[PDB]
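Shown next as structure tokens: one chain only, the form deposited in one PDB entry.
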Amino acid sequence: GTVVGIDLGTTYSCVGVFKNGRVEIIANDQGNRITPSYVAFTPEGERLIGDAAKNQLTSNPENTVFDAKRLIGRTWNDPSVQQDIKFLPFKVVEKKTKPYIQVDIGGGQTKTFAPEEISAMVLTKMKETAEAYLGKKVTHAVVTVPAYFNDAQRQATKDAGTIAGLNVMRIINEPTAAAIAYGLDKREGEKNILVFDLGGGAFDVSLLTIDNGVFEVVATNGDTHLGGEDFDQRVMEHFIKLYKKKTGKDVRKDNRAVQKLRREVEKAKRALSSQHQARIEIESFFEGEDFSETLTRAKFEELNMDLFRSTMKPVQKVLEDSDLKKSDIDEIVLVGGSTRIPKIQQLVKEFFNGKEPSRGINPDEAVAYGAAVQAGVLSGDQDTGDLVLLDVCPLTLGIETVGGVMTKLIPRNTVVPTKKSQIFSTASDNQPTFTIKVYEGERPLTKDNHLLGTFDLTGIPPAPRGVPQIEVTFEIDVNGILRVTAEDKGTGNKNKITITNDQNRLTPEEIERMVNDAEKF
């Protein structure tokens, strides 16, 4: 059917579709063009996906699942997994050497989910978002993954899609999808593309080359634990301390309160990408006490400046790993919501001596956008080939006229079988004979063409030069046999040659060389 493009993100997922000449990024049933990569199991046994899972206020953070993408396709003893489980608030356990997420699904009933089963639930939500917009079933998808993902990680992502009811036609790299969204695949020459992807949870820098249709990921770097959520956490520590100082109320260890503030902090952060002040207000925040503070851009930047500056080192490293200078970068692509932060845009522009990044696609939708473009191309796989093969003459066929001139009867690329005729005459008064020399080739003089045969037409009646009309006909039959006739239209006197393939057939090497001189005259 119609193929969708899905950005299956660490913190947010996005679905697009190429429809009626345009990429549409599809809003979910909450009206959001991105969906949290979140699943929550309630004590009553209800399952929440997306905004409802993330925005769910609970005193128990242990049955809310996120960051499945950190675990997908990995073994338990992967040092990345052993690091990650330390900070994840839900239980991760080993079963037959693989990490499983352990939750209470209802009334103390424990279940273990594979990371790809959690991601399958997120992809089900993205599928349904697309199905609501299109008003038809979605069966096929292009799904993106980080460039550094190995085969096990790509297959587990495929498996997530399969479980969600999607035929995952292609897994493509996130930075490549962003490049495709910006049309950078459709350009001539060797271009160097720096993709700077600062999302909610991770920072990924990729050096891609585009050369004559081929994308190569040359080098990757970044920080797997640096994203927008770390900036939120700096604002959080600050406002928790400030609230404690102003009211004596310590909101830490009350998860419900932490969630309400974190959500307001995240909205304020986004506002500070457009303006220099933002109000955080929560009516009855903590025991009838309202929350009311404002955050300046300067304070937001001050609380995070070390984290913002740290994004430049991975850029430096991919440049040296790709053996490129700053000036060798033809294209800067900003990906991820956090690239909307003016200080981040400033730090990247300054690093690249004032070079402007690509602009026009929302940075948190660009990967989904590129996936949707690629999905559009692959939806054409069910089209029908509406081409007819033509049988054509591979070389110009003609005769020698006075001065050793190649006079064409059947131009190269004439559809065969065919019959073509021209009228010829005498070069001298009372000329009694014609010699018809049949040539193959594209050169204007027959000395440079291939002789196929000769015959005479005798008994031309007396007349002044140019008066007799001799019709020369070239006929190629359904068997590709060439027959040449010369007939005196005055008398009906005629002669013919049948030209055979035997022993005076050019090799396809010889033909290619002759075809080089085609389209000169």
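The numbering used is simple: start at 1 and walk along the sequence shown. Only residues modelled in both forms are compared. Between two forms, the rigid core is the largest collection of C-alphas that superpose within 1.5 Å.
The following text describes the form deposited in another entry, which does not appear among the structures shown.
The residue among 321, 104, 78, 254 whose Cα moves by 2 angstroms or more between this form and the one not shown, once the core is superposed, is 254.
Comparing the forms between this form and the one not shown on their rigid core, the Cα displacement of residue 458 stays under 2 Å.
Positional change of residue 58 between this form and the one not shown reaches 2 Å or more at the C-alpha, relative to the superposed core. An increase of at least 3 Å in the separation of the C-alpha atoms of residue 108 and residue 58 is found in the other entry, compared with the displayed form. Relative to what is shown, residue 57 and residue 90 are closer in the other entry; their C-alpha atoms differ in spacing by at least 3 Å. In sequence order, 56-60, 253-257 are the runs of at least 3 consecutive residues whose Cα positions differ by 2 Å or more between this form and the one not shown once the rigid core is superposed.
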